[PDB]
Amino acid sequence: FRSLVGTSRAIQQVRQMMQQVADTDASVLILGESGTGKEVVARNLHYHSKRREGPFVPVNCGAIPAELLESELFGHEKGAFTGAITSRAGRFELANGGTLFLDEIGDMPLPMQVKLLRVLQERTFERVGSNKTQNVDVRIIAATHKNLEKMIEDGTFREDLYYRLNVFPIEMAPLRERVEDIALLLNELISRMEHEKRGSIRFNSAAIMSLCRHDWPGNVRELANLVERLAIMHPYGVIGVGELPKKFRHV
């Protein structure tokens, strides 16, 4: 785990709710833009859960071939389809006793949403082509940068799955709504980068104000990118307004 650095009320609330849902087995939904810490939040939840010493299993919902998605999620037994010479355990079976992290749940296709639902209310599943219904034991943590209720109304997300998953919602404020945290965030990212052989910089107040007026569409991950790049261009340097890429200058 990392900790969620920062002193905004938003991030403090996020910490409080994390402390409250962690050692429960409730489905957690983390909503937030790209780069805002949603996976951090998930890994932290997990390592402070009953599952904390079982497996943490990510599932990147839009980055699996549909043609194989079922078998990736639920495993297959030999000769289920063409190419099925071995017998795979699925992400779910892999996760039994741990946490399953559905990364971008809004990109999960509908047939997979119903199957996921069957798992959350029944706690069973079968490998593809297989008869044997295995029980399964995981804690669900899903994340999204999408508007799930809108999708519900566009009929691209299932309402029943929605209310089943969204037991404990946690919202992650975008960086541009937490500028108070940027310096802290900086000190963290730089510290990591030092503890990782990888270089050193620091920022002066003008630079820091400039970065505090930036829109951060990639949020914290964009910030981390900037720290790495600047540490290359100005090794062990102090970063002022004129060292920032023009993109990040706001004076």
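A residue's number is simply how far along the shown sequence it sits, counting from 1.
Comparing the deposited coordinates for 167 to 175 and 119 to 127, the stretch with the larger average C-alpha B-factor is 119 to 127. Between 92 to 100 and 76 to 84, it is 76 to 84 that carries the larger average Cα temperature factor according to the deposited entry.
Going by the entry's values, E196 shows the largest Cα B-factor out of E196, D215, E222, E33. Listed residues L226, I201, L68, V41 were ranked by CA B-factor as deposited; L68 comes out on top. Among all modelled residues in its chain, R139 ranks in the middle third by Cα B-factor. Sort the chain's modelled residues by C-alpha temperature factor and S205 lands in the highest third, per the entry.
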